[PDB]
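In: Sharing the initial chains of the complex here, in place:
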Amino acid sequence: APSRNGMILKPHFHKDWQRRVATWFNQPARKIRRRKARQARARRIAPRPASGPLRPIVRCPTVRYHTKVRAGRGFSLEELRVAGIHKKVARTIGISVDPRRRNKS
Amino acid sequence: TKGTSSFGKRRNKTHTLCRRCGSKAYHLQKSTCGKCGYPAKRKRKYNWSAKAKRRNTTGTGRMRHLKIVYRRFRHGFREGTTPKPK
Amino acid sequence: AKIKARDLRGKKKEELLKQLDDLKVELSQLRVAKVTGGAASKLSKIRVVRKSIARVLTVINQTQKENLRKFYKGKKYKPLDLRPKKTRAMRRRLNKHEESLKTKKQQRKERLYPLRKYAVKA
Amino acid sequence: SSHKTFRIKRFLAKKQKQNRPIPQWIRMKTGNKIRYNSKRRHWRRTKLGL
């Protein structure tokens, strides 16, 4: 029974949520595991960059952002054709290649 | 006469000892168990009786094959090798 | 008095059967002495005789199974007791060559475009 | 019932061999915490509803 000027609240606790509580006590150990896997990968690829292949210049869609520049999924095939690098050689070199990206500009 | 005179004329049995679970559940008329379901090929278990599950999980009996499976796992599943003799 | 294993590794099979029969005679006599009472010096030897029977039968089973696997070693279909038993799925795995079988297209990919070794910022 | 089967007679034979008291040399052991058997079955109390 709501009384004397509170918010008209709608709590979503009508299901069996206590069986499905996801406690997050794993997460500092998970940060340790991700750190160990990242260091093992960096020791695996010994002269190569630890982050990975080169990511392209990519501008955000959805006119909210519209000015930020991101890292992309990969360089497009027209970009590889103008740069003079074959699409099956660029992956061996360490250049990100995806065949899905258009190039309208 | 539904009490003591009805307990008096109890002679013949309905359930006997089964031969897969060994409990007194093998019904002589239906030829079924109802504790494991012997004429069925699958073991009778249900999730509404977790107590009856943990009466016979895999950690109950002798585990006479599964414990040496665990030991051969921690050893490495090697076969036919002998240690170096004296 | 002790029947060990090193002295049984090199004996003939009929002599092993004769020693086994002598141990069975001594085992039956010690059971008769156990039932008639006898003494504790006769009650204590039945364990030694049973373990000696176990050792003789163990050495016989060793020699016959190494002879059978020396016989079937080389054939393509060997018996199920001689086949290796690790686990069910591990016996139902691949052939250690079938996992390494690659197609001609994948070999052509790995041959024409191998993963190169590189470094940056120089 | 004098018309037993082999399984029932084998089960009852094992019950007879289990209905047996603890020998006196048990109690002189080192880590003993056993006083009596606590499974002494009598033929009137537990009736073996087989």
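Out: Perfect, I can see it now. Numbering: from 1, shown residues only, chains lettered A, B, ... in the order given.

In: use CA for all of it now, contacts and neighbours both
Out: Noted.

In: Nearest residue to residue C:31 in space, please, no chain neighbours.
Out: residue C:46 (7.6 Å; CA to CA, 6 or more residues apart in numbering or on different chains).

In: Counting neighbours, what do you get for that neighbour?
Out: 19 (other CA atoms under 10 Å in any protein chain shown).

In: ok, it touching residue C:29?
Out: No - look at residue C:46 against residue C:29 with CA atoms under 8 Å: they stay out of range, at 9.4 Å.

In: Residue nearest the middle of chain B, spatially speaking?
Out: Nearest residue to the geometric centre of chain B (CA atoms, centre = their mean): residue B:21, 3.7 Å.

In: which SSE is that one in?
Out: For residue B:21, there is no helix or strand it lies in under DSSP states H and E.

In: The residue nearest to it when sequence neighbours are not counted: which element?
Out: In this structure, residue B:21 finds its nearest non-sequential neighbour in residue B:36, 6.7 Å apart by CA to CA, 6+ apart. If you go by DSSP H and E, residue B:36 is not part of any helix or strand.

In: Which residues are in contact with residue B:36?
Out: With contact set as CA atoms under 8 Å, 6 or more residues apart in numbering or on different chains, residue B:36 has these partners: B:20-21, B:42-45.

In: Tally up the residues packed near residue 21, please.
Out: Let's take chain A. 8.

In: The chain in question should be chain C.
Out: Residue C:21 has 13 nearby residues by other CA under 10 Å.

In: ok but it is inside a helix, no?
Out: Yes - according to DSSP: H, G, I helix; E, B strand; the rest coil, residue C:21 belongs to a helix.

In: separation between it and residue C:52?
Out: 12 Å (CA to CA, to the nearest Å).

In: max-length helix in chain B?
Out: helix B:66-75 (DSSP state H).

In: mind checking how far that one is from the chain centre?
Out: Distance of helix B:66-75 from the chain centroid (CA atoms, centre = their mean, to the nearest Å) equals 23 Å.

In: for stretch C:65-80, same thing?
Out: 13 Å.

In: Contacts for it, please.
Out: With CA under 8 Å, 6+ apart, stretch C:65-80 has contacts from residue C:82.

In: burial of residue C:65, as a residue count?
Out: 14.

In: Next one: it relative to residue C:17, how far apart?
Out: From residue C:65 to residue C:17 the distance is 17 Å (CA to CA).

In: What of residue B:16?
Out: 47 Å.

In: about what we covered before: what's the following helix or strand after whichever strand or helix holds the residue nearest to residue C:31?
Out: Here residue C:46 sits within helix C:45-72, counting by DSSP H and E. Counting by DSSP H and E, the element after helix C:45-72 in chain order, helix or strand, is helix C:88-91.

In: following sequence is chain E, place it on the structure:
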Amino acid sequence: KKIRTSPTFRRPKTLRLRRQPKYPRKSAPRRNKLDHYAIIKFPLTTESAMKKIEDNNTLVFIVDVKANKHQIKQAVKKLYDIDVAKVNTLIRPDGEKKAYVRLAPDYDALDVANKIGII
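Out: Same chains as before, plus chain E:
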């Protein structure tokens, strides 16, 4: 020049081969774990059993439960080289089998009891 004599069509008896296996399923045959020594455990030193031996020309033995009367007969004849008139078996309420081995009257029971050790 072939007519259906019967109106029914029964399946024709086709040729089938026998088991000529390429490899045996087991490497060795199973050894006899029901030997003459392992089938006879011990005789009884009961006073009733000794009266049975002294009076009725028998020998009382305690036998494994998986045995036949023919197996007990050939077992006694193999172990102690004595002929058997008959073998008479019961099962005690302890799991073991009890064998009254009636001997042939040409051989004595008290003498062979002295040979096997009981008195």
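
In: what do you get for the contacts of stretch C:65-80 once chain E is counted?
Out: Against stretch C:65-80 from outside (CA under 8 Å, 6+ apart): C:82, E:22-28.

In: Give the buried residues for that stretch.
Out: C:65, C:68-69, C:72, C:78-79 (16 or more other CA atoms under 10 Å in any protein chain shown).

In: roughly how far apart are residue C:111 and chain D?
Out: According to CA to the nearest CA, to the nearest Å, residue C:111 and chain D sit 71 Å apart.

In: quick check, that residue in a strand?
Out: No - under three-state DSSP, residue C:111 falls outside any strand and is assigned helix.

In: Tell me which residue of chain D lies closest to chain C.
Out: Closest contact between chain D and chain C, by CA to the nearest CA, is at residue D:25 (16.5 Å).

In: secondary structure class for that residue?
Out: helix.

In: For it, grab the count of nearby residues.
Out: Neighbours of residue D:25 (other CA under 10 Å): 7.

In: gap between it and chain B?
Out: For residue D:25, the distance to chain B - CA to the nearest CA - is 29 Å.

In: For the residue of chain C found nearest chain B, give me phi and psi.
Out: Scanning chain C for the residue nearest chain B gives residue C:86, at 5.8 Å (criterion: CA to the nearest CA). Here is the backbone geometry of residue C:86 (degrees, to the nearest 10): phi -100, psi -70.

In: for it, what are its contacts?
Out: Here residue C:86 is in contact with B:77-79 (criterion: CA under 8 Å, 6+ apart).

In: Show me what from chain D comes close to chain E.
Out: Proximity of chain D to chain E, by CA under 8 Å from any CA of the partner chain, involves residues D:9-10, D:12-14, D:16-17.

In: Kindly write the ChimeraX command that selects the buried subset of those residues.
Out: Per 16+ other CA under 10 Å, the buried members of those correspond to this ChimeraX selection:
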select /D:9,10,12,13
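
In: host element of residue A:99?
Out: Per DSSP H and E, there is no helix or strand for residue A:99.

In: what residues does chain B put near chain C?
Out: So chain B meets chain C at B:77-79 (CA under 8 Å from any CA).

In: now residue E:110, nearest residue through space, not along the chain?
Out: Nearest to residue E:110 is residue E:54, by CA to CA, 6+ apart, at 6.3 Å.

In: Would you confirm that that neighbour contacts residue E:112?
Out: No - under the criterion of CA under 8 Å, residue E:54 makes no contact with residue E:112, lying 11.1 Å away.

In: Find the closest residue to chain E in chain B.
Out: For chain B, CA to the nearest CA, closest residue to chain E: residue B:80, 16.1 Å.

In: May I have the secondary structure class of that residue?
Out: Residue B:80 ends up coil, using three-state DSSP.

In: can you slot in chain F too:
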Amino acid sequence: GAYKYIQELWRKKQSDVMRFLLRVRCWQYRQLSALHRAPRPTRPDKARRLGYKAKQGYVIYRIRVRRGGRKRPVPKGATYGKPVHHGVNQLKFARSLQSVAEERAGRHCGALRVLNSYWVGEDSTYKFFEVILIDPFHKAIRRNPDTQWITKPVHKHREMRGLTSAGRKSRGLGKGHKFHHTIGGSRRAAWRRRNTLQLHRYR
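Out: Okay, here's chain F dropped in alongside the others:
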């Protein structure tokens, strides 16, 4: 090649030749048992497009599934409770009958592995499907690197877990704005991520 001619020939099902062929094959397949091994594909172009390579080890079955919806397995009336669920006649089973045919084929042969299946005919009372089955243990499949993913134990009973093309369509999975379920692993995983509470360490 001839496979494109056979492809549009099996497309034009309403013409008189293909109606005669579907009538004769529907009669011939109805007069057989419910599940039987076919020695060669009746529709080889569709079998090849779904993955049948005519070599040793690829088996096909032909199977009859009854036609219609699903009646609720209850007694006489007797759906006890609120009047939402009392209808037992006009309710539909959420998984397709072609996947039911794959399911019954894999249940009859759990030793074989279901690849895919297709349609060979229908009656008013039955449908007729052809299910491609693969040996896990035959050497022509086991030594072929293109199709040795099937021999791996991860793909056991695709007909049961809904991993074939007939059972995958009943799962409602796909990319885009029209599904929005199975946007994790499946409907169960989407429900789980949307109805587990993430109570952190520091909140």
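
In: ok chain F is loaded, check the neighbour count of residue A:21 again?
Out: Residue A:21 has 13 nearby residues by other CA under 10 Å.

In: repeat for residue C:33
Out: Residue C:33: 19 neighbours (other CA under 10 Å).

In: Next, give phi and psi for it.
Out: phi -70, psi -30.

In: Name the nearest residue to it, sequence neighbours excluded.
Out: residue C:42 (6.8 Å).

In: Contacts for the helix or strand containing the one you found, please.
Out: Taking DSSP H and E as the definition, one finds residue C:42 inside helix C:40-43. If you take CA under 8 Å, 6+ apart as the criterion, helix C:40-43 is touched by C:30, C:33-34.

In: Kindly report the same for stretch E:61-79.
Out: By CA under 8 Å, 6+ apart, stretch E:61-79 touches E:36-37, E:39-44, E:82-84, E:86-89, E:91, E:95-101.

In: returning to that earlier point: any chance of the contacts of helix C:40-43 in JSON lines, plus distance to residue B:31?
Out: Shown next, in JSON lines, are the contacts of helix C:40-43 (distance: CA to CA, whole Å):
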{"residue": "C:30", "distance to residue B:31": "48"}
{"residue": "C:33", "distance to residue B:31": "50"}
{"residue": "C:34", "distance to residue B:31": "47"}
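
In: between the residues you listed, which is closest to residue A:20?
Out: residue C:34 (66.7 Å; CA to CA).

In: Can you tell me how far the closest one is from chain F?
Out: 58 Å.

In: before we move on, what about residue E:33?
Out: Applying CA to the nearest CA to residue E:33 and chain F gives a distance of 38 Å.

In: ok but that residue is inside a strand, no?
Out: No - Residue E:33 is assigned coil when assessed by three-state DSSP, not a strand.

In: quick one: it and residue E:64, what's the gap?
Out: From residue E:33 to residue E:64 the distance is 12 Å (CA to CA).

In: Same question for residue E:20.
Out: 37 Å.

In: what does residue F:83 give?
Out: Distance from residue F:83 to residue E:64, by CA to CA: 69 Å.

In: the more surrounded of the two?
Out: residue E:64 (18 against 8).

In: Show the contacting residues for residue C:56.
Out: C:5, C:8, C:16, C:20.

In: all strands of chain B, in order?
Out: B:15-17, B:24-27 (DSSP state E).

In: of all these, which gets the most neighbours per residue?
Out: strand B:24-27 (a mean of 20; mean count of other CA atoms under 10 Å in any protein chain shown).

In: Can you give the distance from it to the centre of its chain?
Out: The answer for strand B:24-27 is 13 Å, by CA atoms, centre = their mean.

In: export that strand as PDB, just CAs?
Out: C-alpha atoms of strand B:24-27 as PDB (Å, rounded to 0.1, in the frame of the first residue of the first chain):
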ATOM      1  CA  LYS B  24      11.900 -55.100  -2.100                       C
ATOM      2  CA  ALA B  25       9.900 -53.500  -5.000                       C
ATOM      3  CA  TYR B  26       9.400 -56.200  -7.700                       C
ATOM      4  CA  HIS B  27       5.700 -56.400  -8.100                       C
END
